[PDB]
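Let me begin by presenting the structure, written as C-alpha cells, before commenting on it.
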Amino acid sequence: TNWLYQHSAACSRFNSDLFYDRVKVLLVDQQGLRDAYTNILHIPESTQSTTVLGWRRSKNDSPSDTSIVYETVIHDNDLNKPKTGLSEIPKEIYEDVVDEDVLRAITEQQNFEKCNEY
Amino acid sequence: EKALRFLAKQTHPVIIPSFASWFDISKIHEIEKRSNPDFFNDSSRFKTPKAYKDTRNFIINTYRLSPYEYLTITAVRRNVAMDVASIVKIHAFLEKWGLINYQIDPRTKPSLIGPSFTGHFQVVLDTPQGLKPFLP
Amino acid sequence: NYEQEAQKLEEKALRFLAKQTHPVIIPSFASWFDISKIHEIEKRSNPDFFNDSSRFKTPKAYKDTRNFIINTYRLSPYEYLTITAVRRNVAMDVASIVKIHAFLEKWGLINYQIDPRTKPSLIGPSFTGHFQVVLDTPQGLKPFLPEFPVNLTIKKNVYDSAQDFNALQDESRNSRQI
Amino acid sequence: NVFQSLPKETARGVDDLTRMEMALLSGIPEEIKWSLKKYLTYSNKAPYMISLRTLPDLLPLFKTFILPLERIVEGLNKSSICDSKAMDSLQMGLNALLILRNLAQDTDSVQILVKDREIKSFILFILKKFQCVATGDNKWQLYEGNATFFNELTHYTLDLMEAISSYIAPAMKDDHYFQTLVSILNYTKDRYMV
Amino acid sequence: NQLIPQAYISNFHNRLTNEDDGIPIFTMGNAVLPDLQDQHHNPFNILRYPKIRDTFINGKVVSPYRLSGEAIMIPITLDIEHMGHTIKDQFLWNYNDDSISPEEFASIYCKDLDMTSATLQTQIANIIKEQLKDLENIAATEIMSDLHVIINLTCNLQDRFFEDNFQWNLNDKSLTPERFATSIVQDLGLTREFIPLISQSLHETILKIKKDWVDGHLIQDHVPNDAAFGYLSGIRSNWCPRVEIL
Amino acid sequence: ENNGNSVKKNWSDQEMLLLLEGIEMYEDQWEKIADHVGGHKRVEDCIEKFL
Amino acid sequence: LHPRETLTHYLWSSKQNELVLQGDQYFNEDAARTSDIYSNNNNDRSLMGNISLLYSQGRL
Amino acid sequence: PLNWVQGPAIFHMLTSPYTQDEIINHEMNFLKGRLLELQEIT
Amino acid sequence: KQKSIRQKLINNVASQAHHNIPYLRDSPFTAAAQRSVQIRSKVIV
C-alpha cells in the first residue's frame, strides 16, 4: 500500500514546482526575456490575444468632420465557458452515444465555438 | 482494490460539464473504443487495454488533487511507463472532451514563448501616387 | 464585483498591449493578406503544406512560421531580418523555410526597400469612421471567477487627418508646439 | 552615420516593372485595372519593353483574362452580363487582347505567339462565332445591346489574324481560317476590314 | 520627412560577436526592450536604451538578395574553425526536396555572417554533400515489429546541458517529434533556441537506431526499463527531464 | 498674441488676418505663408481654408 | 424569352446611366462662383482631396 | 542580369481628348522636343 | 487672387474626370474610348 497516492502526490508537486518555476522567470522578475539574435522581447503567447475578428464601421456625431478614430475593442462570448475545442471532431464520432442531452450539449458547444465571430 | 482507498482520502469534489455525461469512470464503451483503436486492434504487445485503463484512470485521478491547475504532459509522464506518443493521444483526448482541462486557472496553461501579436498595429499602403491609409 | 474584474482585465490589457512606435509599410498589391486566415495565393504558392504529402509540413506549423517572421519583423521594423536570425528559433527544414522567407520577401510583406521621406501623402478612405479592431480575450489573462459579455476599449485615439495618421501623431503637438 | 549612404535607384520602393508584374498576380481589382491601363500605355509608347522575347514570364499572365472570355461570348446572345463583375472581366479581356495585338507587330514577339497553340484557338473561336453573323444563321442571335461589345471585339481578332497570317503559309484543304474569312469578306461593309 | 525608413540596418554580426548574448555560433522602467511600454509616439525616446542605440550606431548598409511525396529529415552538423573563431551549428535538411542548392544556402549563410571569404561557401557545402552521400539510405526505413526503444537524449547549449530519458515507439507516425520538442520547452519555460536543438538531437538518435536496425539487424526487443506501472506488470516511469548547469 | 491657440480648424481673427497679410506679401510659396500665421497651421490646411 | 436577368439589367444600367448624366452638375456659371462647393462638402469626395497631390507636383 | 535604366519619355498630356486631330499636333511638338534632346547624346 | 487658385484647381481636378471617379470610368463608352485611343498604327509587311 501507499504507492499510488505517493506517485500522484509526486506528480502534483512536480507540476506545482514547474508552475512555480516558469512564471517567476517569465512574468514576475524582469517581465519577459531578450532574444540573442534580434531585438525582440520574448513573451508567452498566452497573454497576446492570438485571434482577430473583422472590422466595424461607425460615424462621428458632428457633420463635415475630419477626425479619424482608430482604436481597439475586446470581444468574447460571456467569458465563462472554456476553450476545450469540440470543433476538431467529425460528425460521425458521437452518433452511437446513449443519451440525447449530450447530443444537445456537444452541438451547443460546437455552435458556441463556431460563433467566435461577432 | 487500489483506487478505492485513493478516491476517499484526499480527493477534491468532481466538477463535470453537461457534455461529459457519456464518460464512465469504471469501464469503457463505443465512444472511447473508436477514437484510439491502436490500444485495441492488435497494434503492439505493450498497448494492452488493461494498461490503457490504468492510464485513463491515473490521469483523471491525478487531476483531482489540483482541479484549478493545468495538468501538463511531463508531470503525467514522470510516473507513467508508457510511450509519449500515447500520453499525448490520451491527454489531448481528455483535453478535447473537457475532463482534465475544463475549469482551471487559465494562467496555468502554458503557451509558446516568442514575439508579440500584430493585430492592432497601423499599417499603411505604398501607393505609387501617395501614402493613403489601409482603413477598410 | 463584475466591474472590478473588468477594470482589472483592462489594467492587465494596458500592461500587455505592445504599443506602436514605428509604422509598417506594405505595397499596394499586398492588400490580400490577412493575419488569421490563410489565403488561396499562399495555398497555391507552396502546395507541399496543403496536399498533406509529408507529416512535417502541416498548415498549423505553416501558419505559425508565417506569423513568427512577420511578428519579429513588425516589432522591429527598422531591422533587415535574415534567414539565420529566424532559423535558430523555429524547427523546420531549410529547403522550405528559404521558400517561405523568399515568398515573404518577394511579395513585399518583409524586407522592403523604401525611403518614405521623398513621397507625398494622400487621404484614401473617408474622414469619419470609428475604425476599431476586434480582439479576443487571451487564455491566461481571464479572471478566476470561482463558480460576462462586456466589451472593453483599451486605447482611445483620435486623428486630425491622414497625414498625421501616417506619422503616428496623436495630436500631441499641443505639447511640443513650435 | 548609417543613413547617409542610401542608393537612390531603389529608395522609392520597388520599380514599376515588378510593381505592375505583381499587380496582375495580386487580387485587388482596381490595381489590376490600373496595371492593365498602364500596360496599354506602354504597349503604345514603347512596345519593346514588354515584349515576349525579353520577358519570358509574361505570356501566361495575359491569358487568364482572355481565356474565360469564351463564356461571355457564348453568353453574348442575351443579357447575361448583369452585375459590374462580368463587365469588369469583359473590359480586362478586351484590354489584354489589344495589348497582345500591340505586341504582335514587332517581328520578335510574333513567332512565340504562333508557337502558342491556344491563342490561335481563341482566334478560331471568335472567327467561328463571327461566321454566324457573316452568314445569317439562326444560331447565336446577336443581342443589339451587346453589339458594341462584339463589333470592337472582332477587329482585334482580325488584326491578330492579319499578324499571324504570314506564319500559317502552309495551308491545308479543310482550312477553317480560309473557310471563314471568305464568308467574312462577302458580308462586311468596312473598308479597313476588307 | 521625419520618417525612419524600412531597411538598410543589418547590425547582426556585431551582436553575434558581442560576447554577452547566448550565441554559440562565434567564439572570438526596468525592461531592456520597450515592447510593453509606450514612448509617447516620439522617436527620440528609443535612444535611451543601450541595446538599441548600439544598433543605431554600429549598423551597416547591405544589399537585398533576390532568389516529392514524403520529406526525409536528416540533421546536418557543422564544425569549421576559421580565423581564430569557430562555426558550430546544426540544421535539418530535406533529402527529398532539391529546390535550393547547398552551395546556394552556404552562400546565404556566409552572406548573413558577413564573411564573404569565397571559400567557406565551398567548405561547408562539401561537408553537406559528404553527409548527404553517407546518409542517403539510412532515413528511408520501413520499421515494423514494435521495437519500443529507450532514448537517453542530451542537449548541448553553453554549459546548460539538458538531459532526459523517455521510451519511444518508432513504429507509429502519429506524434510529431518537433511537437515533442516544443512541448518540453513550453512546460519548462525555456527560450526558442532549444526548439531546433531538441529535435536535431532527437533525429540523430533516431538515425542511430535506424543504423542499428539496418546495418547490424539487431532487434534487441528484450524488456525495456519501466516502473511496474505501465507496460510490464512487475509488482503493480524511468526518469525526468532536467536542465543541469555545468 | 504669442501663446498657443486652441484646437485646430477654429480660425480666430489673428489667424485669419496673418494669412491675408502673407498672401499680399509673397503671393506664392505656401511654406513661407504657413509660418506667417504662427507655424501651427499646415500648408495643406491653409490652402483649404483660403479656398 | 427571359424575364429575370433583363430587369435587374435595367435596374443596373439605367441607374448607372443616371449616375453618368448626374455627374456634371457642380461646374456651372453661377454654381462655381459661390461657396457651396468647397465649404462643408465632405460628402462630395470628388474634389478637396487632391490638394496634397497637386501641391507636390507644382500645378498649384 | 539587372540594370537600372531610365524609362522612355511617355507623352502624358494633361487634358485627354479622344479625336485624332487634337493629338497629332501635340505629338509632333513632343517629337521635336524629344529627338533634338536625344540627338546631342549620340 | 483666389479666383486664379480656383481656376488652377478646378481645371486640374476636372480636366481628366475619368481616372478617379469610378462611375465615369466604369462606363461602356468611356472604357472603350480610352482603350481605342491607345491603338498603335499597323505596319505594312
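Residue numbers (PDB author numbering), protein chains in the order written: chain A, 317 to 434; chain B, 67 to 202; chain C, 57 to 203, 224 to 254; chain D, 66 to 259; chain E, 5 to 32, 148 to 186, 198 to 366, 374 to 383; chain F, 305 to 355; chain G, 424 to 483; chain H, 155 to 196; chain I, 253 to 297.
Heads up, the beta-carbon is just placed ideally off N, CA and C, and yes, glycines get one too.
Is there a C-beta anywhere in chain F that falls below 8 Å from the one on residue i?
i: residue 192 (chain C); result: no
i: residue 60 (chain C); result: no
i: residue 461 (chain G); result: yes
Return no unless some Cβ of chain C is closer than 8 Å to the Cβ of residue i.
i: residue 172 (chain E); result: no
i: residue 336 (chain A); result: no
What in chain A is Cβ-close to residue i, meaning under 8 Å?
i: residue 132 (chain C); result: 354, 355 and 356
i: residue 31 (chain E); result: By Cβ distance, chain A contributes nothing, its closest Cβ being about 14 Å from residue 31 (chain E), past 8 Å.
Between the C-alpha atoms of residue i and residue j, what's the straight-line distance to the nearest angstrom?
i: residue 178 (chain D); j: residue 111 (chain D); result: 19 Å
i: residue 112 (chain B); j: residue 387 (chain A); result: 57 Å
i: residue 251 (chain D); j: residue 113 (chain D); result: 37 Å
i: residue 140 (chain D); j: residue 88 (chain D); result: 29 Å
i: residue 128 (chain C); j: residue 153 (chain C); result: 15 Å
i: residue 377 (chain A); j: residue 236 (chain C); result: 15 Å
i: residue 340 (chain A); j: residue 22 (chain E); result: 27 Å
i: residue 352 (chain A); j: residue 135 (chain C); result: 14 Å
i: residue 179 (chain H); j: residue 190 (chain H); result: 17 Å
i: residue 192 (chain D); j: residue 286 (chain I); result: 25 Å
i: residue 269 (chain I); j: residue 445 (chain G); result: 13 Å
i: residue 239 (chain E); j: residue 28 (chain E); result: 15 Å
i: residue 399 (chain A); j: residue 359 (chain A); result: 21 Å
i: residue 166 (chain H); j: residue 167 (chain D); result: 19 Å
i: residue 241 (chain E); j: residue 183 (chain E); result: 11 Å
i: residue 476 (chain G); j: residue 482 (chain G); result: 9 Å
i: residue 309 (chain E); j: residue 84 (chain D); result: 39 Å
Is the Cβ of residue i closer than 8 Å to any Cβ of chain H?
i: residue 268 (chain I); result: yes
i: residue 111 (chain D); result: yes
i: residue 74 (chain D); result: yes
Where do the N-terminal and C-terminal ends of the beta strand (DSSP E) with residue i fall, by residue?
i: residue 211 (chain E); result: 203–211
So with CB distances below 7 Å, who are the chain E contacts of residue i?
i: residue 151 (chain B); result: 299, 302, 304 and 305
So is residue i in contact with chain G if we call contact Cβ pairs under 8 Å?
i: residue 154 (chain D); result: no
List the whole-angstrom C-beta distance separating residue i from residue j, where the pair is believed to meet the contact cut-off of C-beta under 8 Å.
i: residue 186 (chain D); j: residue 116 (chain D); result: Actually they are not in contact, since the Cβ atoms of residue 186 (chain D) and residue 116 (chain D) sit about 22 Å apart, beyond 8 Å.
i: residue 371 (chain A); j: residue 187 (chain C); result: 7 Å
i: residue 422 (chain A); j: residue 402 (chain A); result: 6 Å
i: residue 369 (chain A); j: residue 433 (chain A); result: 5 Å
i: residue 349 (chain A); j: residue 317 (chain E); result: The pair is not a contact, with the Cβ atoms about 16 Å apart (cut-off 8 Å).
i: residue 364 (chain A); j: residue 150 (chain E); result: Actually they are not in contact, since the Cβ atoms of residue 364 (chain A) and residue 150 (chain E) sit about 17 Å apart, beyond 8 Å.
i: residue 12 (chain D); j: residue 133 (chain D); result: It is not possible to answer for residue 12 (chain D), since the shown part of chain D is limited to 66 through 259.
Going by DSSP, what residue range makes up the alpha helix (DSSP H) through residue i?
i: residue 274 (chain I); result: 274–277
i: residue 441 (chain G); result: 430–444
With a threshold of 8 Å between beta carbons, is residue i in contact with chain A?
i: residue 159 (chain C); result: no
i: residue 82 (chain B); result: no
So residue i contacts chain D; which residues on that side make the cut at Cβ distance below 9 Å?
i: residue 217 (chain E); result: Within chain D, no residue comes near residue 217 (chain E); the closest Cβ sits about 27 Å away, beyond 9 Å.
Residues of chain G with CB under 9 Å from residue i, in chain order?
i: residue 260 (chain I); result: 477, 482 and 483
Verify the CB distance criterion: does residue i have a CB-CB separation below 8 Å to chain D?
i: residue 285 (chain I); result: no
Output, in chain order, the set of chain F residues within a Cβ distance shorter than 9 Å of residue i.
i: residue 245 (chain C); result: Residues of chain F passing the Cβ test: none, with the nearest at roughly 12 Å.
Please report whether the beta-carbon of residue i lies at a distance below 8 Å from any beta-carbon of chain E.
i: residue 93 (chain C); result: no
Starting from residue i, find everything on chain D with Cβ-Cβ shorter than 7 Å and list it in chain order.
i: residue 87 (chain C); result: 93
i: residue 241 (chain E); result: Here the premise fails: no neighbours, minimum Cβ distance about 18 Å.
i: residue 178 (chain E); result: 67
Starting from residue i, find everything on chain B with Cβ-Cβ shorter than 9 Å and list it in chain order.
i: residue 179 (chain C); result: 196, 198 and 199
Would residue i pass as an interface residue toward chain B - the criterion being a Cβ-Cβ separation below 8 Å?
i: residue 310 (chain E); result: yes
Would you mind telling me which residues of chain C sit closer than 7 Å to residue i, beta carbon to beta carbon, in chain order?
i: residue 362 (chain A); result: 194, 195 and 196
Residue i versus chain C: which residues are under 8 Å apart at the beta carbon?
i: residue 224 (chain E); result: 149, 150, 151 and 152
Let me see if you follow: with CB-CB separation under 8 Å, is residue i close to chain I or not?
i: residue 167 (chain D); result: yes
For residue i, return the contacting residues in chain B, with the cut-off set at a CB-CB distance below 8 Å.
i: residue 404 (chain A); result: 162
Note down, in chain order, every chain A residue with its Cβ under 7 Å from the Cβ of residue i.
i: residue 68 (chain B); result: 320
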